[PDB]
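A closer look at the structure
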Amino acid sequence: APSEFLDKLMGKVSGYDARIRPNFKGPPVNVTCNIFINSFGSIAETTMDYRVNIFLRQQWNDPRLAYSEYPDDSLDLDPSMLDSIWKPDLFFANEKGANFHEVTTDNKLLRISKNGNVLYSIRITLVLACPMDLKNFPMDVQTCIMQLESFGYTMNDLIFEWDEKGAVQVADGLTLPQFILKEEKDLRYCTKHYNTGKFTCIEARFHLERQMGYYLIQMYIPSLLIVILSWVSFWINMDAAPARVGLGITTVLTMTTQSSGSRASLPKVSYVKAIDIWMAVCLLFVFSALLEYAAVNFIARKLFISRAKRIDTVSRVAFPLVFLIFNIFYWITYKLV
Amino acid sequence: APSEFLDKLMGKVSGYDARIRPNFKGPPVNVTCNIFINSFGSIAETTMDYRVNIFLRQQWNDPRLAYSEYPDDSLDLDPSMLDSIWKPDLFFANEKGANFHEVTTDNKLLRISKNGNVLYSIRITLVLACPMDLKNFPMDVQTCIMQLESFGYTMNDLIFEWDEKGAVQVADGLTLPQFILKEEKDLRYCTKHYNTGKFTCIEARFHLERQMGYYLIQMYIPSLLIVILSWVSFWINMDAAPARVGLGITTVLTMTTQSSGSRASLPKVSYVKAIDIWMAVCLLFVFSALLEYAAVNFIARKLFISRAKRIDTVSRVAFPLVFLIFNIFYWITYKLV
Amino acid sequence: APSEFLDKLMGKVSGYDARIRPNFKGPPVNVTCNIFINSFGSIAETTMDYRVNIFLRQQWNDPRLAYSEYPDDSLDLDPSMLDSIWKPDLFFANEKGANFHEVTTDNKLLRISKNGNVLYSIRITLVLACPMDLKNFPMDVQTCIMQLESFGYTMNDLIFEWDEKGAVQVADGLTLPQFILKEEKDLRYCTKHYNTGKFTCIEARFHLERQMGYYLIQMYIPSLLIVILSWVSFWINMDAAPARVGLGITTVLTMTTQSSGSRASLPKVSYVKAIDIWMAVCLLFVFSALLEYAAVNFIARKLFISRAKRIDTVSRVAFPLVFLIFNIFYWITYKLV
Amino acid sequence: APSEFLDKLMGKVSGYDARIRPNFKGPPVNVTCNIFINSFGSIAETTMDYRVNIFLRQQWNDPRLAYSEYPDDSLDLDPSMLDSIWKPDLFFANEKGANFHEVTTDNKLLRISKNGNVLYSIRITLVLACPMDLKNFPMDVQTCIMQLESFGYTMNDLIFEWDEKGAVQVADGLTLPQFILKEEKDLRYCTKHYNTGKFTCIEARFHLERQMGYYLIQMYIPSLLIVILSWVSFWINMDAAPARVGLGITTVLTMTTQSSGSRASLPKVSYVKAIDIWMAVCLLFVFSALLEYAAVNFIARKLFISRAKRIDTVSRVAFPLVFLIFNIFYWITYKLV
Amino acid sequence: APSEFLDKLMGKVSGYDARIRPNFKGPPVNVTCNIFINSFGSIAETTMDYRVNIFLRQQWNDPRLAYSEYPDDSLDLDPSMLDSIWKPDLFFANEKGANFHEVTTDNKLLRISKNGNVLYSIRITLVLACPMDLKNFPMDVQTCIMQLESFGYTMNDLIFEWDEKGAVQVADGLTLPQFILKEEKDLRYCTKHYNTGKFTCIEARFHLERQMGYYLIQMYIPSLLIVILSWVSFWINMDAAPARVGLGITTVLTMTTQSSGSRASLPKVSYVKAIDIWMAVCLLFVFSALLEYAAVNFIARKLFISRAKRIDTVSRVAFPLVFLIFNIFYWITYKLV
Ligand SMILES: O=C1C[C@@H]2OCC=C3CN4CC[C@]56c7ccccc7N1[C@H]5[C@H]2[C@H]3C[C@H]46
Ligand SMILES: O=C1C[C@@H]2OCC=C3CN4CC[C@]56c7ccccc7N1[C@H]5[C@H]2[C@H]3C[C@H]46
Ligand SMILES: O=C1C[C@@H]2OCC=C3CN4CC[C@]56c7ccccc7N1[C@H]5[C@H]2[C@H]3C[C@H]46
Ligand SMILES: O=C1C[C@@H]2OCC=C3CN4CC[C@]56c7ccccc7N1[C@H]5[C@H]2[C@H]3C[C@H]46
Ligand SMILES: O=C1C[C@@H]2OCC=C3CN4CC[C@]56c7ccccc7N1[C@H]5[C@H]2[C@H]3C[C@H]46
C-alpha cells in the first residue's frame, strides 16, 4: 500500500521531475544538514590527507510530493527508488576520493514526511585533503577542514546550512593513534565566489593537537643527557687527551647515530622542522665541546696555561648558560605563543 | 517447477513487496543471526583497524510467502532473484569499508522454508575499526568489537539477537601473526539511543592478547645486560679513567643505538608507551653510571678519597637495588593488575 | 547458425533452468576440476597470505541440453550468455578476496559438447590465506593450502573431484622471490561437516621451502666471527685492561648493532623465532667474555693469580666447546628433524 | 517543462546523434577547455608519478540542438542524460589511471546555452606520470607535464585550446609536503604526429622546486662538521697515536653510520645522485686524514721528522683549501647554473 | 546517416553474429597487432612484476560487414556499440591484473574500413609478472616478457602476428627509476601446446639493464676503503696493541654497521646475491686482519719475533694480492661474461 501511493507521487502518474528541483523559478531551497562522524584515521604527512566516514544527514522540504491524505505518517522508499525524487547535489570540496557502502543492504536511507519534509541520510567513507604545516613538528597543532559545497547550483538555487543543535557530532572514543582530538569543534559558513556566480559551502573545523610525549622521551632526553656528558667532559683533567678527547668524540658519535635513527623514524619532509632544529643544535654544542677543548689542547702546547684554565672556567659557565638561554627561547617559541 | 512456484510467491502474481517488511503495522520482526569468522589479519596500529571476512547467517520468518502446499521442502532462489524478497537491513556500525565476494558464482545463499522460515547467508569481507590503547605496549591486551546494527528500523520495526548455541564461531587455526586470540569470546546486546528513536545492535567482543616474547628477547634482555656491564664498570679501579670512563661511554653508545633500532622497528605512536619508558629508564641508569663515576673522578682530584670509596660502595649497593625495586614496580604494574 | 541452435537449448524455447541443477531430484552431479596456476607472489608474514591467479577448469555433463542432432561438434557460447546455463557453484574457502579478469575480452570460456559434456574454464586472480609458523624462521618450511568447496550444495547435490592426470599444474619458471617451490604437490579430498550437512571440498597442498642462504651469509657468519674475536680476547694479556676490556666492549657493541640491523630487516613477529634465538645466544656469549674476564680482573686485584690463570684456561676450553655443543643442538633441532 | 523540451532536442524526436560530432563533413570543432586543480600529492620517486584531481571545464558549441525558442536561459540536463548529447572525446595522455567521483550526487555537470553554447564540467581524480631526474637530488628542480589529447579525432575533426584568461588555475594553499610549487605555470600547445594523422593536445607545465632545507640540516652539516674534527685531528701531537689515530678512526666510523642512516632515509635510486656524491667525497677526505697521518706515522719510525712536519703543515693547508675548492665547484654546479 | 548504415551492417537487420568469428568453417583469421607502450614503472623485487599501460592496436578484416556501397570512407562506431561486432579474443598470458581506462570518454576506438578492414585500438593498463634472478644483483641484467595469447581459439581458428614496421614502440623518455631500458627490443612468435590443441601467442622482450652506480658509490667504495685502513693497521708497531688492536676492532665495527645499513636498503631476498657476497668477503678480510695480528700478538709473548716479522711481511704482501686476485675473479665473473 505505501509502495503504490509512493508510486503515484514519485512516478510518471500525476507528475514529478527528478531533473527539476523544488520551487523551480521561485525561492531558493534550504538544506539543513548535519554530520555524525564515525572515525578518523590514517592522517599521513605523505599524502597530506586524512580518512573519515560519516553519516551525512540532509533535510529539505519540497512543496510538491506531500500527500497529507494518506493515513501513515512519513514514508520510506527503497534505495533503488531513490532516483525518482530530487536530491540536493552535494560534494565535499576537498576529498581526493569517496565511496558509498553497499555492504549487506544499501546504506542510503530516505523518508518523506506527511507535511512534505524530506530526511535523507547516507553513509559515506571519504578521504579528505588537509594542508599541514609541520614547521613546528613536536609542538604541532593541526587544523582539519571538512567543507560541503553544492555542485552546479548558485545561491539563487539552494543554500546549505548547519543544524542548530549538534550539527557535527563526533562518535566518542575515536582515540586517533598519533593525535588527540580537541573537544571544541568550530563550524562556520563559507561562500564560493566564481565567474559563474556565488555557491554555498559549509565548513567544519576540527582541531587536532599532536601529543609530543613519545618524542620527548625517545628523542630529546637522550640527546640532552649526552650534552650533559660533554659538559662533564669539560671537567676532565687539563693533561690527559685520550679519555677526554675520547669523551668528546664518543659524544659526537652517539649524537650522530641518535640523529640518524630519529631521522629514520620521523615523517619525511624536505623543509626544516622543529625537532630537526633541536637535534642539529644539540649536535652543534656536542661539537663545540671538542672545539673549545681542541683550542685548550693546542694552546697548552705560563700565560698559555692561564688562558687554558680561563677557557676551562669560561666553558664550564658558558655551556649550561647558553644551552639554558637556548631552551628558554626554543620551548616558549614553539609551544603555544 | 520450483522456479515458477517461487515466481508466484515472490512475483507480482498474487502480491508481495520487497519494499515492505513482514508484519507491517504489526509485531516487530526478529532476526536471529550468527557469524562464522574465516580470518583475522592486518591488525595495524596505523589505520587503527583489523580486517575480517565472515559468513553472516541471518534467520527470520515472514508469515507471508509460506506455501505449505508445494511438495518440496524449503526452497532456493538464485542470487539475482534475491531482490524480490524482503531482507533485514543490516550494517556493521564500525567498519571503514566492506565488500561481497563475486568470485566464480555469487556467494549470497537464500532458502525459504516450508513453514515460512527464511535462512539468508552471505559471505562478506570487511575492515572493522577497533580503538587501541598501546599505553602498555609489550604487556598489551587488545579488545576487538564487531557490532551489527539495523539501518533505518527502530525497535518497533525489528530486533537483532544472537544464536543460542554457537553464535559467533571462530574457524580454528587462525594463528594471527602478532597476537593470540583468547578462546573466550564475549558477546552481548547493545542499544542505540538517538533522537529518531532506539535501534538494535548486537556487539561481539574478541580478546586478543599480544605476546611479548620477541620483545622480551630482542629489546629487554640486551639493554638489561648492558646495564649489568655498567654495574661491572663500577667495580673498575679507583685510579684509571680511560678503560673505566671508556666502559661507561661505550655503555651509553650501545644503549643509544639499541634504543634507535628498537625505535625503528616498533609501531609508530606519539604517546609514551611502556617499552619506551623502559628503554628510557635503562638509558638513565646507564648515564647514572658516568654521573656517579664523574663525581668520584672529580672528587678524587684524604677525606675526598674516603668519600670516593663510600660513593663506590654506595654505587655498588644502590644500582642493583634501585633497578630491582624499579623492575618490581614496572612488571607488576603493566603485566595483569 | 550455432547461436540460434544454442538459443533453442539454453533459451525459454523448449525449457531449461539456470536455477535448477542437472539431475534434480536424482543422482549427485560430478564436477571434475583441475587448475593450472600462473603465478605465486607476495607471500607476506604480515597479512598471512599469498596471491595467485589460476586457470580453473571445470567439467561436468548435464543429460539435458545435449543436442546430438546438430552437425557441428561441441559448441561455444559468449561470456554474456554464460548465465543461461547452470554452473556448479564454487568458492575457494580460504581467500580474503578474488576477481575475474575482464581485460580486452572476457576470460570466461565455455563449451558444450555433442554428447552433453560441459567444459567451463575461467581465469581468476585471488588472494588465499595460509597459516604460517615462523617458529623456526631461517630453516622454515611453509605449507600452502588451496581448497575449493561447493557453496550451498550438500553431498547429495554435487561432488568435487580432481583430474586423474595433471590435476594441479604449476606453470614452470615461477621463481618466487623468497621461497623455492617443492616440485612435489600433494592434493587430496576434504569434507566439510556442518549442522546443515556434509559439503565437498578438494584441498591442494604446495610445499614451499624457505631458502636460508641470505640469512646464513648476512646474519649468522658475522656474528659467529665476532664471537671468535671475543675468544681471541680471552688470549689477551693477564695484565692490560683497556685493549682487552676494549676488545670485549667492542665485541658487545658490534654484536648489538648487528642484532639491531637484522631486527630491522627481518619480518615483524611478536613470538620468538629461531634467528632471534641465535642472535640472542651469541650476544650472551659475547657478554660472557666480559663476565669471566671481569671475574679475572677483579680476582686479580698468589692464590688469586693461579685462580685467574685457571679461569683463563677454563675460559679458553669452555667457550669453543660450549658454543660447539650449542651449534650441534641448534642446527640439528631446526633443520629437518 | 525544461526536461521535455530537452527531450525534444536530445531525443529521437526530431533527430540527433550521440555518435556524430557537430559540423560533420564540415569545419573542425573547437573545444576551449580550462582546468582548476584541487590538489597535488604523493609525488613518488618510486612509481615516477604524482596524483591530482581537477575540475575539467570544457566548452564547445554545436549549431544543432540550440533552441532559441524556449523562455529559459541556458539549460541543465541530469548526469544520466549526459549520454544523449555528443561530448568531445578526451584523455590525458600521461596518466596511469583515473576515475570519476560518484560521491553523493554524480559530479558531471552540463549546461546547454540558448545560443547553442555548451558548458561541460567534470571532476576527475587521476594519477599522472612525470619523468624525474634526481641527478641532482637536493638542489633538484622537477617539471610536471599534464597533457590533454583528443582520442580518435584528427586535426580535421576537432581542436583543443586553452582559455584566454585563467586557463590553468591552482587552488591556493596546496602546500605540497616535499616540494614548493612555483607560481609561474607555463602552458602551451602540443601536436601529436602519427601514421594515422595529426592529433591535438594541450600541454600544461608546473615547475616544482624541491626545498633542500631538511637535507642541509640533517645530512650536510653533521658530515662537514666531522670533517672539521678530522682537520683538528691533524693538529694532534706528532708523538701519540691512540687518541690521534683514535680521532681519525672515530671520524671514519661516525661518517659511515651517518652515510648509512642517510642512505636509509633518502629515496631509492640506482643512479648516482648529488647528495650521495657529497657523502662519498666527505668520507674520502675523512679517510685521507688517516692516509696522510699513517704516512706520517710510518715515516716517523732527522730527515724523516722534517718530512713529517712538512707533511703536517702541508696537511693543515691542503685539507681546508681542497675542501673549499670542492665546495666552490659543487654548490655552483648543482644549484642553478 | 553513418550511424544507421552501421546499424544495418552490425544489427539484426540483414544478419551478423557477435558470437561467430569471421570465416566460420573456413580459413583462419589473422590479427596483425602492434603495441605502443606509454610507461614502465614499479618494477619490484617483491611482487615479482612490473606495471605498464599500452595502446594495443589490432587489425583484422572480415569479408562480411564490408559495405563498399556507402560514400564515406572507413567508419566509426561508439564504444557502446562495440559489442555488436566480433572482436578477436585476447589476453596477456602473464599479467596479475589489468583494466580499461574509462576516464572522460571511453578509450576503446574502432574503425571499419570500406574494403572491410577493421582497426581496433584500446588503451590498457596492466601489471605483468616477470621472473627475476638477482643472483647477481649490482651487475644485474633483467629480461621482461610481454606475451599476448588468444583465449579459446586454436591455431585453426585464428593467428596473432606482429606488425612489419614498428611492431612494439616505446614512447620516448620513459627514464625508469632503477633501470635503463636497452634500445634493442626483441620480439618473436611463441606457440602454446596443450591437450586441447595449439594456440597462438606473440612474445615481446625488453632488456632492462640495472645501473650499478649508486651501489658502486654508496656500498663498495666505503667498505673497500675500510679494508685499506686495516692494511694500514698491518703496518702498525710490533709492540703496541690498543691503537693497533684498536684499528682492527674499529675496522670490524665500521664494516658491520655498513653491512647492516646496506642490508636495510637493498631489496629483500632470501637467496645469496652478489652484493651480499662482496660485503661478506670484505668483512672476512677485515677479520683476517685481527686473526693474523692476534697470531702475531700471541706468538710475540728470538725465533718467535722473527716468525712475527715474517708474518708481518707475509701479511703486507698477501692482503693486497689476495684481495686483488679476488676482485679480478669477482668483477669479471658478474659483469658481462
Ligand atoms: O564553469 C565552471 C568551472 C568552475 O571550476 C572550479 C570549481 C567549481 C565547482 N562548482 C560546480 C561547477 C561550477 C559551475 C556551476 C554551474 C555552471 C558552471 C560551473 N563551473 C564550475 C566552477 C566552480 C564552481 C561551480
Ligand atoms: O536522521 C538520522 C541521523 C542519525 O545519524 C547517526 C547514525 C545513525 C544510524 N541509523 C540509521 C539511520 C538513522 C535513522 C533511521 C531512521 C530515520 C532517521 C535516521 N537517522 C540515522 C541516525 C542514526 C541512527 C539511525
Ligand atoms: O547456515 C549456514 C551457515 C554455515 O556457515 C559456515 C560456512 C559455510 C559454507 N557453506 C555454504 C553455506 C552453508 C549452507 C548451505 C546450505 C544451507 C545453509 C548453509 N549455511 C552455510 C554453513 C557452512 C557450510 C555451507
Ligand atoms: O592505429 C592507431 C594506433 C596509435 O597508437 C599510439 C597512440 C595513439 C592515440 N590516439 C587515439 C588513437 C589513435 C587513432 C585514431 C584514429 C584511428 C587510429 C588510431 N590509432 C591511435 C594511434 C595514436 C594516435 C591516436
Ligand atoms: O581446458 C582448458 C584448460 C587449459 O588451462 C591452461 C591455460 C589455457 C589458456 N587457453 C584458453 C583456454 C584453453 C582452452 C581453449 C578451448 C577449450 C579448452 C581450453 N582450456 C584452456 C587451457 C589452456 C589453453 C587455452
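Another point: the interface of chain B and chain A. Opposite the 49 residues of chain B that make contact, chain A presents 50 residues. Among the elements that take part in the side of chain B that touches chain A, helix 3 (residues 244-265) of chain B stands out by supplying eight residues, more than any other. Partitioning the side of chain B that touches chain A into residue classes produces 30 nonpolar, nine polar and 10 charged.

Next up on the list: the relation of the copies chain D and chain A. Copy one and copy two of the chain differ by a rotation about a common axis and a shift along it. The operation relating chain D to chain A is a screw motion whose rotation component is 72°, with 0.0 Å of axial translation and a residual RMSD of 0.0 Å. Here the transformation between the copies is reduced to the relation of a five-fold axis. In this assembly, only 4% of the residues forming the interface of chain D have copies in chain A that are likewise at the interface, indicating a heterologous arrangement.

Here we come to the relation of the copies chain B and chain A. Aligned on chain A, chain B shows an RMSD of 0.0 Å; the corresponding rotation is 72° and the shift along the axis is 0.0 Å. Of all interface residues in chain B, a mere 4% are interface residues in chain A too; the two copies therefore contact each other through different surfaces.

It is worth spelling out the domain arrangement of chain A at this point. Residues and elements named next belong to chain A. For chain A, the assigned domains read domain 1 (1-211) and domain 2 (212-337). Computed from C-alpha atoms alone, the centre-to-centre distance between domain 1 and domain 2 is 54 Å. With 12 residues of domain 1 at the interface, the matching set in domain 2 holds 14 residues. In terms of residue class, the side of domain 1 that touches domain 2 is made up of five nonpolar, three polar and four charged.

Our next topic: the side chain of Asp 140 of chain A. Residues and elements named next belong to chain A. Relative to the assigned elements, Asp 140 resides in the loop between strand 6 (117-128) and strand 7 (141-154). Looking at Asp 140, its side chain comes within polar contact range of the side chain of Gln 142, at 2.8 Å. Apart from residues lying up to four places away in sequence, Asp 140 is in contact with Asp 133, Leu 134, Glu 209 and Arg 210.

Turning our eyes to something else, we now look at unusual backbone geometry. All names here are of chain A. Positioned with a positive phi, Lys 25 is a non-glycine residue whose angle comes to about 55°. Along the chain, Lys 25 falls in the loop between helix 1 (2-10) and strand 1 (29-44). Even without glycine at this site, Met 48 takes up a positive phi of about 60°. If you trace the backbone, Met 48 turns up in the loop between strand 1 and strand 2 (49-61).

Here is what the cut-offs are and how they apply
Residues numbered from 1 in each chain as written, not as in the entry; some residues may be left out. Chains lettered and ligands numbered in written order. Heavy atoms only, no water. Residues with missing side-chain atoms left out of burial classes, pairs and counts. Contact = heavy atoms within 4.5 Å. Helix = DSSP H or I, 4+ residues; strand = E, 2+ residues; numbered from the N terminus. Nonpolar A, V, L, I, M, F, W, Y, C, P; charged D, E, K, R; others polar. Least-squares fit on C-alpha atoms. Domains from an automatic or database assignment. Polar contact = N/O pair within 3.5 Å; in protein donor to acceptor, adjacent residues only side chain to side chain.

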